[PDB]
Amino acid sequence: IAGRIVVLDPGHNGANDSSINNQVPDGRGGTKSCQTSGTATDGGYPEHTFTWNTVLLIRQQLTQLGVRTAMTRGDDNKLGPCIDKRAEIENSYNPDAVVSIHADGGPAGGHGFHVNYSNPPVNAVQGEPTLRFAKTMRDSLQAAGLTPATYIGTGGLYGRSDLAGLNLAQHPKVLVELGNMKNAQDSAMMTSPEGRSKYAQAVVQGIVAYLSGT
């Protein structure tokens, strides 16, 4: 584990302007918006702040394990990089694994996590190395006591073709939607410092299990 390289992507920006509506190539024949604002709890806790703070806790834990780390943005209050640039930044580190952190907006009764991965793969590394990452992450999150999303995906997994950050990956990568910000239970956990710590520890368990060959 020590000496491996992991890049962490806290989804969305600290702030936005109309540049986020410019279209960028999506890695699968199309284009999509440079960025989106992301969602928020009904209490007003923004997705971009949840992902930022959770990624900071993941980074701190990985560094203590001897893992070399980088992030795709440096703050939670200004314009951040477009989704295609974030994939380029991740790729430039030649990482062993990449984890993108998001939180979702779904029906209010729906809760739990889902692990998004590229499907069908557009290159070799998006095949078995990435599907294994997705399954291992899902297993680790569930073994940590988190609930697979009750409202989307299949047992906490979601293979998809529409995400530029996944299509553009040159290294094993998953995008973890940790929960539904519009749900009472997930909102409480996301808004809780110790809830963010528990999310972060479970993600780290998934990273360790994947890099260890579990």
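Numbering starts at 1 and runs along the sequence shown.
Visitor: If you average the CA temperature factors over each stretch, which comes out higher, 68 to 76 or 127 to 135?
Guide: The recorded data point to 127 to 135.
Visitor: Which is higher on average in the deposited entry, the C-alpha temperature factors of 41 to 49 or of 58 to 66?
Guide: Stretch with the greater average CA B-factor: 58 to 66.
Visitor: According to the PDB entry, is the CA B factor of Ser92 in the bottom, middle or top third of its chain, that is, lowest, middle or highest?
Guide: For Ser92, the deposited C-alpha B-factor lands in the highest third.
Visitor: Which third, lowest, middle or highest, does the CA B-factor of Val7 fall in along this chain?
Guide: Bottom third by C-alpha B-factor.
Visitor: Give the position of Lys85 by CA B-factor within its chain, expressed as the lowest, middle or highest third.
Guide: Ranked within chain, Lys85 CA B lands in the highest tercile.
Visitor: Tell me, lowest, middle or highest third: where does the Cα B factor of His171 rank within its chain?
Guide: As the PDB entry reports it, the C-alpha B-factor of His171 lands in the middle third of its chain.
Visitor: Looking at the C-alpha B-factor of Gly112, is it in the lowest, middle or highest third of its chain?
Guide: According to the entry, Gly112 has a C-alpha B-factor in the chain's lowest third.
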